[PDB]
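Encoded as structure tokens, the following chain is the form deposited in one PDB entry, with no partner shown.
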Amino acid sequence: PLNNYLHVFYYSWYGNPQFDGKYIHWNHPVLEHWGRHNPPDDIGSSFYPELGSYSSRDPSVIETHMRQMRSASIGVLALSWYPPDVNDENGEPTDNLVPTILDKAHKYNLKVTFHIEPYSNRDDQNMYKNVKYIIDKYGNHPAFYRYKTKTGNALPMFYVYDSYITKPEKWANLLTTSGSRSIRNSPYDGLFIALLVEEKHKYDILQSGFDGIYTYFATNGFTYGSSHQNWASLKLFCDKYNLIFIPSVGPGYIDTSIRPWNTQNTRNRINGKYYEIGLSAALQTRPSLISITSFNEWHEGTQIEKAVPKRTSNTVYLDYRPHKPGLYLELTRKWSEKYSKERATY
């Protein structure tokens, strides 16, 4: 059975010459601070996908991804989303793949929710527009995710990455009752999940009107929110203030193909043990949802997607030996079933 309460962060930003006319994302630039890879032999990842330097628009890729997520008993993909009108994307807008993704998710009884990226000049005004757009265009699709609240009401969910860039007073225009562009008590109401990075964000989130928090980062120690030391405190905080706590767990982290300096935030997978430690840490908070970073953020080495050994003449790749390419899907299934069993007792 699928765990309806387990979400994974999904990316549809990959392109290749066969499907897109060029590489997209695999030819990721090497960043200089907070010179591009040459696919297919040299991609912007420390690992190599079983599907190769694949295209996110290739229907066989999307099919395989939905099968893998069902095999992991993940019920919901949280789709990285940019509005089409921004100049944030190097191809054709990724919003034009959302219908295919919803249809493919539905084949396997998966749901799709939205991870709103930090698009150019995102604010309260264009967030109202984009929330309305997502619910109007996608909200009637049978694979469209809603979360049933304490009061019985089922609402769309929006994860807001780097929410803190926008000041609380501006969020309150959208997220509080009497705000100038309120979605509250409207057909466009939702559960808005803030990214909690720093401990001081707790108060900002309360002033903003958010409905919950998530932590995203797969590195235990990168941020206050991402640190297992703080998850009991964040759960206490969320329970006290009627917020949905969504801890984010990853299987490892390595982004040095794109951020060569960032060795401090590398986390060895310990042949699956890092992931199992983080899953244990999340489950014992008795959270309402758990998120997994990531299905396929290959740049940052957080993926649970199948990876394979690969040798080339110029690039070195990590892999999942001495285990199989599907290790992380198998570990996810084990912990998904434990979470389903324990959550039914809360």
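Only residues modelled in both forms are compared. Heads up, when I say rigid core I mean the largest set of C-alphas that superpose within 1.5 Å between the two forms. Don't overthink the numbering: it's just position in the shown sequence, from 1.
As for the form deposited in another entry, it is not shown, yet the points below apply to it.
Participant: Given a cut-off of 2 Å on Cα movement between the shown form and the other one, rigid core as reference, pick the single residue from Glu199, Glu89, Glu276, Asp103 that exceeds or meets it.
Facilitator: By this measure, the answer is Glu89.
Participant: Against the rigid core, is the Cα displacement of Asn185 between the shown form and the other one at least 2 Å?
Facilitator: Shift of 2 Å or more: no.
Participant: For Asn121, does the CA position differ by 2 Å or more between the shown form and the other one when the superposition is done on the rigid core?
Facilitator: No; that C-alpha moves by less than 2 Å between the shown form and the other one.
Participant: With the core lined up, does the C-alpha of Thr315 move 2 Å or more between the shown form and the other one?
Facilitator: It does shift by 2 Å or more.
Participant: Regarding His299 and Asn90, go with closer or farther for their CA spacing in the other entry versus this form, the difference being 3 Å or more.
Facilitator: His299 and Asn90 sit closer together in the other entry.
Participant: Versus the form shown, are the CA atoms of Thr151 and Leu174 closer or farther apart in the other entry, given a shift of 3 angstroms or more?
Facilitator: Distance between the C-alphas of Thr151 and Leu174: longer in the other entry, by 3 Å or more.
Participant: If I superpose on the rigid core and flag every C-alpha moving 2 Å or more, which consecutive runs of 3+ residues come out between the shown form and the other one, in sequence order?
Facilitator: Core-superposed, the runs shifting 2 Å or more come out as 85 to 93, 148 to 153, 314 to 316.
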